[PDB]
Amino acid sequence: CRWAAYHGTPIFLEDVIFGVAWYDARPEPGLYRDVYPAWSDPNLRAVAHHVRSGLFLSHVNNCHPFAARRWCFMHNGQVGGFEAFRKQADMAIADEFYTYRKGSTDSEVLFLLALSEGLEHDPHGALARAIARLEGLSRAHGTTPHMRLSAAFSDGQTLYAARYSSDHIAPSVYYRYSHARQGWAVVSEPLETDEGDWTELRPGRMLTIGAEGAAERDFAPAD
Amino acid sequence: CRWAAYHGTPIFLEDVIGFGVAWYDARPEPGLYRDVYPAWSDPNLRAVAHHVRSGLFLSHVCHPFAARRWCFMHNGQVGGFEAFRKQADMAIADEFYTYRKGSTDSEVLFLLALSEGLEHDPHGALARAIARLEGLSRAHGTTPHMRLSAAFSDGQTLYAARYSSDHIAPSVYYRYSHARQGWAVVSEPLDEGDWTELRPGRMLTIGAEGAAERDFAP
Amino acid sequence: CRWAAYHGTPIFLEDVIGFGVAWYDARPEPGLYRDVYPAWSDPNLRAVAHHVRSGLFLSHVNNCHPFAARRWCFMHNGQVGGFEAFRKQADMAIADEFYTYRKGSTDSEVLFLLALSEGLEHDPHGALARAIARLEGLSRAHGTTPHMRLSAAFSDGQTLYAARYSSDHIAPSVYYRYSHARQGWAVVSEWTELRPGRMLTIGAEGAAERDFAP
Amino acid sequence: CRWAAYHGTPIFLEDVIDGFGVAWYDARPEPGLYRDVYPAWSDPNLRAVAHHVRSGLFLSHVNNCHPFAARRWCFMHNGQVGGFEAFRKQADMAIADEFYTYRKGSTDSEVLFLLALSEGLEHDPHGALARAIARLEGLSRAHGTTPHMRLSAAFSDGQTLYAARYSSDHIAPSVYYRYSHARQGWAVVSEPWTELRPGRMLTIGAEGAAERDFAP
């Protein structure tokens, strides 16, 4: 389920790169998603070949990324047994953001729940709370594993990524500053291995890349 | 937003035929084909409609929706739906929530009807489903609160209904075709003979003992 | 098959927009987006036109226009009468160099590639003229009436061209003007009229019209 | 690059069934044709169709998607004509005027099919494919590269199922076939049992299965 994210000097989307969310001219991200693979979609291939962005998310409706207002979001993993409690997960979304609920995935819930929990002014705390809530519903109505999560998300100025699991397995996250691109890449699995090592983001951690550089912070579902 | 439904001796789907088609053939469930490409310009749909034969099918210019043995398509609207969509979704019984895959009012109607016992009481269950959505639109929506023409089936019987909270109701017509040897029900008249208009506040039932109309009100 | 083309200070594509768009931004070759899908409501198209900015693009409405090859793109409203009856002969006239670009089966794509075969890269006026005459003559011989109906917009990344010709009294319409608000030229299929039998040329020097007689 | 063909008492297409397509016979002398450019069992429509349509003769392959169909015939091909894009024009021009109208894409496989039709597939399936293959292989020798011809093909007219396996070198896409008592019909597969050896053609009809040497 490879994903990749970028924050730095603008590059062509392809130079990292189904679904892409990118920032360019607007505070809202452009969003492109279809059920065709990077290779079967000449439109996606043309966009990725022609559009440049200094902040974007890409990920191999129920396709990521998701976007609402200034924010976009993508997630690798699962909430265990989700289909057995989808209704209650849906019911937990605030009215304000419910209009953005367009498909039936757990990923989309996690995003809208994080918005409902204050993602706009408190991304760490809000994601932390949304995860606690969904993990609790999984423990109540679902199955193992209750929460497996690697996610990337942005407000169009800062790029975030978090990795967490209710057990010992967590979808992987790596990041590295590219001197050749002059910006940061964050990925589910390391690609370019000629230009320096990738730094693993450990489970239970949140990465923030913004005006100060890249910094990590402890991350666990809210008390 | 034209639709067409058929019940009688099997014909190729095209002999009647956003887009979709639900048809019964060899299984108690309907096959369901739907896509966002124009019917005119999707060659796969063309091949399906040119090659598949069926004695009970529904097609609609996404509808139809299908769950278990039932399928359902709907033309019209619930006024101001978007402003109370959460409340409508929360009214769906736990048992049918798994089938709610998009965000339309039409899909909620179908699943609310199933929740109200469509499987064993079609007339009553749709009546109750509509009164709930119209009620929610009165409270939280706008006018028109309910505009509805709908066709739906369990694979044995074809039903259609026409109802509206005001004076405009999306149209429904039906006709027995002697050349196909079956009934066609449509939203806009497709010669062989005239079409019969289903008036507002009526539900049509086509099964083993012909076609019959009866009063219908939420 | 209505179209619009733009040349001037970069705007969002949506500000002058089956379906397609060819646009130049950062490469000598154009971007090409095209699908068989009500423009009105393709969400991906909606994103692209809402977010991509360009100072030279063509938009229409493998068989969708525009077409692109190397630095050139091309778009056509009209028809070559009875084309289907002689498509083989028409494909045969495309030079070996350009046949690789022949991806679908329309008359429009054949015109573009025949024009490239006739030297569009160096002599846009004469090559399109020669390509139209060849296809019109094939229609006369093997096709049906109208033998040639054309309004076309096409570009090399620097210059925008449009032409209007017909073998009969009906020619798809072409109009143009300078948009002071956008600070660029708009050329459309539907203002100054570009009369039939004329080619228009828009570049760093302005707009100019000239006679065009396949 | 993977295909399956069936001939026998009708079954749901799924009881046999990136890029994808299926051609099936049911109620008409021409086949139905479904093909699309995304992964099978992702396309809910393909799912619906395979789960709901029954046929006693169909071809499925896992525009440029196979199968191809024209008149009563359908055809699919695993393999390649080496260097094809360098002489595509020359290949198209060898298609007879009568069949040119069916040339919709740019693949080598489509031209093989239409060249076989041009060479008399409707009356001589063995001879026509042999001649179509020799012409393309020689164009590859002349203008393309190696490998000049690799072919496993399945093709049908609605009544008979054919398969053929040939290569200009040591690698030929594989073909196996077997009678399935459960389904009561023949299954023929390429790159998933009796192996169809290279330089062989298989014919399955009302008389049974039979092989013959095939030497373009």
Side-chain angles (χ1 to χ4, degrees), chain C residues 1 3-8 16 20 22-24 30 55-60 65-81 93-94 98 106-140 146-179 184-189 191-204 206-214:
Chain C
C1 277
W3 61 249
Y6 178 77
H7 181 289
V16 331
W23 78 99
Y24 297 86
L56 205 182
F57 59 98
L58 276 53
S59 44
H60 190 83
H65 317 30
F67 300 96
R70 292 160 189 199
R71 298 185 13 171
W72 290 79
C73 56
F74 177 91
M75 170 179 70
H76 161 58
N77 197 173
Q79 68 178 295
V80 178
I94 300 170
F98 295 104
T106 71
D107 47 4
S108 298
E109 182 180 44
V110 176
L111 200 88
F112 176 40
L113 299 182
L114 223 206
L116 285 162
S117 291
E118 278 298 335
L120 184 66
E121 288 160 305
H122 56 88
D123 168 42
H125 185 290
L128 180 63
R130 290 189 289 273
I132 291 168
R134 295 182 51 152
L135 283 181
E136 193 181 310
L138 282 164
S139 186
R140 278 270 161 38
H147 300 309
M148 176 70 54
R149 292 246 183 109
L150 176 130
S151 72
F154 54 108
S155 164
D156 64 354
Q158 316 269 337
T159 300
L160 173 67
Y161 305 95
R164 190 186 179 187
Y165 165 77
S166 180
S167 55
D168 66 20
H169 303 275
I170 295 170
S173 63
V174 173
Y175 300 93
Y176 70 88
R177 40 98 87 188
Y178 188 66
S179 160
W185 296 85
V187 182
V188 300
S189 86
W191 296 81
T192 302
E193 172 159 4
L194 184 66
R195 33 195 165 251
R198 310 275 286 187
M199 183 160 270
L200 170 79
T201 287
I202 301 177
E209 281 184 51
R210 160 228 230 165
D211 284 318
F212 183 70

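Letters A, B, ... mirror the listed sequences (proteins, then strands); counts begin at 1.
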For C:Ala129, which residues count as a side chain to side chain contact (heavy atoms under 4.5 Å, CB included) partner, sequence neighbours excluded?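 Here the qualifying residues are C:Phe212.
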
For C:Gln79, give me all partners under side chain to side chain contact (heavy atoms under 4.5 Å, CB included), at least two apart in sequence or on another chain.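 For C:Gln79, the residues satisfying side chain to side chain contact (heavy atoms under 4.5 Å, CB included) (neighbours in sequence not counted) are C:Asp107, C:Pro146, C:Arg149.
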
Between atom SG of C:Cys1 and atom NE2 of C:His76, what is the distance when rounded to the nearest 0.5 Å?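 If we round to the nearest 0.5 Å, C:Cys1:SG and C:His76:NE2 are 8.5 Å apart.
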
Which class fits the ring pair C:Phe112 and C:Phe74: parallel under 30°, tilted 30 to 60°, perpendicular over 60°?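 Ring orientation of C:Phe112 relative to C:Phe74: parallel.
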
So C:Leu111 and C:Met148, side-chain contact (heavy atoms from CB on, under 4.5 Å) or not? Walk me through it. CA-CA 11 Å; C:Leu111 200 88; C:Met148 176 70 54; 4.3 Å; yes

Taking side chain to side chain donor-acceptor pair (under 3.5 Å) as the test, write out the residues that go with [X], two or more places apart.
{"X": "C:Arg70", "answer": "C:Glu97, C:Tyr101, C:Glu121"}
{"X": "C:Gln158", "answer": "none"}
{"X": "C:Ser139", "answer": "C:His147"}
{"X": "C:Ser167", "answer": "none"}

Can you list the steps and then say if C:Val80 with C:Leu138 is a side-chain contact (heavy atoms from CB on, under 4.5 Å)? CA-CA 9 Å; C:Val80 178; C:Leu138 282 164; over 6 Å; no

What are the two closest heavy atoms between C:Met75 and C:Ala5, and how far apart are they?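 It is CE-CB, 4.5 Å.
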
Is there a side-chain contact between C:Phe67 and C:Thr106 (heavy atoms, below 4.5 Å)?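 Yes, their side chains come closer than 4.5 Å.
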
